[PDB]
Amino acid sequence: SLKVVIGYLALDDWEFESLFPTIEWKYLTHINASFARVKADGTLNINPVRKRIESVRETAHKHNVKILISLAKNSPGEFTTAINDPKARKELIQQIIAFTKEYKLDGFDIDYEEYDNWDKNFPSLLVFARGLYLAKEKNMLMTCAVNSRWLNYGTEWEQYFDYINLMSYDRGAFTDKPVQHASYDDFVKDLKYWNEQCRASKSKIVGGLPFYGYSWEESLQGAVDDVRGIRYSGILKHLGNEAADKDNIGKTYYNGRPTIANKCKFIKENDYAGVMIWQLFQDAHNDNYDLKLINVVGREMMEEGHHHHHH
C-alpha cells in the first residue's frame, strides 16, 4: 500500500509569510489546512483560513500534494451543540462539503475534540460522520484526528475514513511535573489500539508526530506558550543544535530526530498507512535546514534513492 505523510499547516500562523515558501513539498503527500472553526449553529468561522486557503491550494496542487480543510470547534461545546441539533448538523454538513467544493480542495479532516460527555455524545457524532460520508463526493477524501486508548470510538467509526490520524502527543503534559508528551512506546500502543480494538486496517492508520514539545524549565517560562508548549525551532534556538538528536534536555521534553526516525521506521516495518505531523511551521528554519524534522520524515518515508533517466 502507498505510504503517506500528512502535514498540518496553520494558515493563520504568525510565521506564515516567512515560512510558507520553505515547505518541503517533495516530502508531503497531503496537507491539512488548519481549521475552519465549527460554530454552535452549524456555520463555519473560516477567518483563520479564508485569506490563504486559495493560495495554499494552488501551491499544494502545483506540487501534486492533496489539500484538505481541517475542522475543529470554534470554542468549547460549540462543535457538540452543532451536531446535537438536527438543523445545525445538516447546515454543518452542507457547509463542509460546500467549502471543500468552493475552494477546490481534495477533502476534509474532522478534528472533533469535545471531551465533555464523550460517550453520551458519540451516537450524535456518528450520525454526523455517516451524514458527511453520504453527502460528500465519492472522490472526496474524509479523514479525522483521533485520540487513542483513553477514549472509545467504537468499531463503526473507522469505515468512513480514508485516513485516521492518531494524535499521539500531549499525553499528560498539562500539569506541573515534566513529562515526555510523545514517547515511542505510547506511539506504538496507540497504533495497536486502533488496529486491534477499533478494527481499523493498518492501511488507513497514520501515526501522528509532534514538531514541538514542552518545557518546565524556569529559564524558558516566558519563551514557552500558554501551556508550556515550545516549537522545535524554539528548542534549537534556546537549547542549541545538540538538542536535535535527543528527546530531552533538563526539563524540556520533545521528539528529536532519532525518535522521529524510529517512529517512521515502526510505521514502515509494520505496514501502517504513514505518518502525520502537527504543524509543519514549528520545524526548524533554513538557518538549521539540516536539522529539520521534515527532512527526517522525508529520508524515511519519501526517500527517492538512486535513479537515472532513460530506464
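In case it trips you up, residue 1 is the first one in the sequence shown, and so on.
Per-stretch averaging of Cα B factors for 83-91 and 124-132 places 83-91 on top. Averaged over Cα atoms, the B-factor as recorded in the entry is higher for 133-141 than for the other of 169-177 and 133-141.
Among 65, 249, 68, 276, the highest C-alpha B-factor recorded in the PDB entry belongs to 249. The PDB entry assigns its highest CA temperature factor, among 27, 281, 254, 35, to 35. When the modelled residues of the chain are ordered by their C-alpha B factor, residue 60 lands in the middle third. Among the modelled residues of the chain, residue 159 sits in the lowest third by CA temperature factor in this PDB entry. Ranked by C-alpha B-factor against the other modelled residues of its chain, residue 244 falls in the highest third. Sort the modelled residues of the chain by CA B factor and residue 197 lands in the highest third. For residue 149, the recorded CA B-factor ranks within the highest third of the chain. Only modelled residues enter the ranking.
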